[PDB]
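Two forms of a single protein chain come next, each set out by itself as structure tokens; they are called structure 1 and structure 2.
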Structure 1
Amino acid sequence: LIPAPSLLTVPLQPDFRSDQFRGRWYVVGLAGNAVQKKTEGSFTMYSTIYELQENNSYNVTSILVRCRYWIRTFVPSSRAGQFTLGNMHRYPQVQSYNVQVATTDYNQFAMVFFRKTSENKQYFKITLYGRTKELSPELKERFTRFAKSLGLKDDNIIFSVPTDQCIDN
């Protein structure tokens, strides 16, 4: 498995603004060190909603077709744009969990970096989020170049087939 980048090397959306990032995001594409297009091929699209709490944390809710609801708390870390997973002790399979907003323009897209340790294995990925379920090839290509930048290759990149069931909230 390809080694995880540091949080200093992974970019950080500057003056990240919790207010504008909140809300519904659709996972247009995902790319990461455990991903295999040749075996996996593609995956049904799912949404992630970032509900800004008065803490300034997020109550992150992912809606998935299968509807299945994956609900977590993202707690702000050392630099705005970074988070850890709230109450990690409740997740047997998780010994480390880092979230970092690499790039976003809040209106259209975001590229967000997820790193973690499960069963003594170091995983990482970046999702291509989009406020709509479709995105520009420039941004799809841009996203590709970004994951290539992190050491990943074409077999590590995957795009979601979109749906209407569950994910529109």
Structure 2
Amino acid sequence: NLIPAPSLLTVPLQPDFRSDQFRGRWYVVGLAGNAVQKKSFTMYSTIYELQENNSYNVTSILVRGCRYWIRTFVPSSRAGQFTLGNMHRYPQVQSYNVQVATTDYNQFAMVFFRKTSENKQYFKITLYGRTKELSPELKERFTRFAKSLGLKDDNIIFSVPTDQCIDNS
């Protein structure tokens, strides 16, 4: 059934990842993954608040009014890799990994997410912008990166910008 999840060793990692520069607000400009089946989606934002212990408080803001989804990313072995904090709260989830594949900190990021639940491996990549719009070249780059990971046209979606919720606080 599912497109096989790539190994974390085959997914790029941002070299010399800078947790201080990555912090703050990012807009989800596109999304691709093996559980993405394009039938678009309303843009949501994700705020990475860096803690003293170098974990992130990660708060996503979505349009339903507004929904907030709050979780913690705990640093893993390499800079730019994370696991999901408080795993006991997600009883479906056997493992969960986050990897910042590429970013220039002030414009865009591409982040890889993988999780195992129900003995099935899901993965997704997100195209983040510091604004709600990114260049055609960056959106093309994202598409080609998704396809390099075995994803198809049906698995790749770009979002519809909004001013509701996603700019809150």
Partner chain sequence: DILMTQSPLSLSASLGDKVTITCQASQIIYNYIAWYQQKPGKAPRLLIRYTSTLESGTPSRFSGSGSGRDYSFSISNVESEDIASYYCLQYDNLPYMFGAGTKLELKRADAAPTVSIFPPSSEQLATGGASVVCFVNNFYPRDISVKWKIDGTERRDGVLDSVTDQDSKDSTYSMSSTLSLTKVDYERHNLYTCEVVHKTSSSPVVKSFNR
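Just so we're on the same page, residue numbers count up from 1 along structure 1's sequence. Rigid core: the largest C-alpha set superposing within 1.5 Å between the two forms.
Source of structure 1: the form deposited with its partner chain bound.
Relative to the superposed core, residue 117 has its Cα moved 1.6 Å between structure 1 and structure 2.
Once the core is aligned between structure 1 and structure 2, the alpha carbon position of residue 18 differs by 0.1 Å; this is the C-alpha shift at that site. On a core-based overlay, residue 93 has a Cα shift of 2.1 Å between structure 1 and structure 2.
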